[PDB]
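Engineer: sequence first, structure after, both from an experimental entry:
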Amino acid sequence: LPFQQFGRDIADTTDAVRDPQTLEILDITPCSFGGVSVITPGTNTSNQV
Amino acid sequence: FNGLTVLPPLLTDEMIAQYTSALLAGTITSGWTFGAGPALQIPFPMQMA
């Protein structure tokens, strides 16, 4: 809507916003994240991961 | 988005279905013998008897 500048998820986090310079709408998505996991056999057997 | 991750199950739904099918076929064709040892065939009317 013309008045609405921000947008929030169900869990109250921002998911959309309106550019001030140009009246457009953008979907904001957080940058990728992940849990790095290392798969390795016993160090006595080998040192490959 | 805030650092909470869900991990996928190790065994997919299809593998669970396959396990249930294996148990079901075993109980249809072998009665209770396959649970306590090697699978021995038995006609279903005799198992019901």
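Structural biologist: Done, it's in. Numbering: from 1, shown residues only, chains lettered A, B, ... in the order given.
Engineer: switch to C-alpha atoms for all contacts and neighbour counts from now on
Structural biologist: Fine.
Engineer: the closest residue to residue B:30 other than its chain neighbours: neighbour count?
Structural biologist: Spatially, and ignoring its direct neighbours in sequence, residue B:30 is nearest to residue B:41 (4.7 Å; Cα to Cα, 6 or more residues apart in numbering or on different chains). Burial of residue B:41 is recorded as 14 neighbouring residues (other Cα atoms under 10 Å in any protein chain shown).
Engineer: does residue B:41 count as helix, strand or coil?
Structural biologist: Under DSSP: H, G, I helix; E, B strand; the rest coil, residue B:41 falls in the coil class.
Engineer: who's in contact with the residue positioned nearest the centre of chain A?
Structural biologist: Per Cα atoms, centre = their mean, the C-alpha nearest to the average position across chain A is that of residue A:30, at 2.3 Å. Taking Cα atoms under 8 Å, 6 or more residues apart in numbering or on different chains, we find residue A:30 in contact with residue B:1.
Engineer: for the one 10 residues further on, same thing?
Structural biologist: The contact partners of residue A:40, taken as Cα under 8 Å, 6+ apart, are A:47-49.
Engineer: list the buried residues for the helix or strand hosting residue B:29?
Structural biologist: Using DSSP states H and E, residue B:29 maps to helix B:13-30. Neighbour counts over helix B:13-30 (16 or more other Cα atoms under 10 Å in any protein chain shown) mark B:26-27, B:29-30 as buried.
Engineer: send the alpha carbons of it over as PDB?
Structural biologist: Taking C-alpha atoms only, helix B:13-30 is exported to PDB below (Å, rounded to 0.1, in the frame of the first residue of the first chain):
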ATOM      1  CA  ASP B  13      10.300 -41.800   4.200                       C
ATOM      2  CA  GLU B  14      10.700 -44.200   1.300                       C
ATOM      3  CA  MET B  15      13.300 -46.300   3.300                       C
ATOM      4  CA  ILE B  16      10.900 -46.400   6.200                       C
ATOM      5  CA  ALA B  17       8.100 -47.600   3.900                       C
ATOM      6  CA  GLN B  18      10.400 -50.200   2.500                       C
ATOM      7  CA  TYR B  19      11.200 -51.500   6.000                       C
ATOM      8  CA  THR B  20       7.500 -51.800   6.800                       C
ATOM      9  CA  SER B  21       6.900 -53.600   3.500                       C
ATOM     10  CA  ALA B  22       9.700 -56.100   4.300                       C
ATOM     11  CA  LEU B  23       8.300 -56.800   7.800                       C
ATOM     12  CA  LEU B  24       4.800 -57.100   6.400                       C
ATOM     13  CA  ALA B  25       5.800 -59.600   3.700                       C
ATOM     14  CA  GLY B  26       7.800 -61.600   6.200                       C
ATOM     15  CA  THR B  27       4.900 -61.800   8.600                       C
ATOM     16  CA  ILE B  28       2.500 -62.800   5.700                       C
ATOM     17  CA  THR B  29       4.700 -65.600   4.300                       C
ATOM     18  CA  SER B  30       6.600 -66.900   7.300                       C
END
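Engineer: I am finished for the moment; much appreciated.
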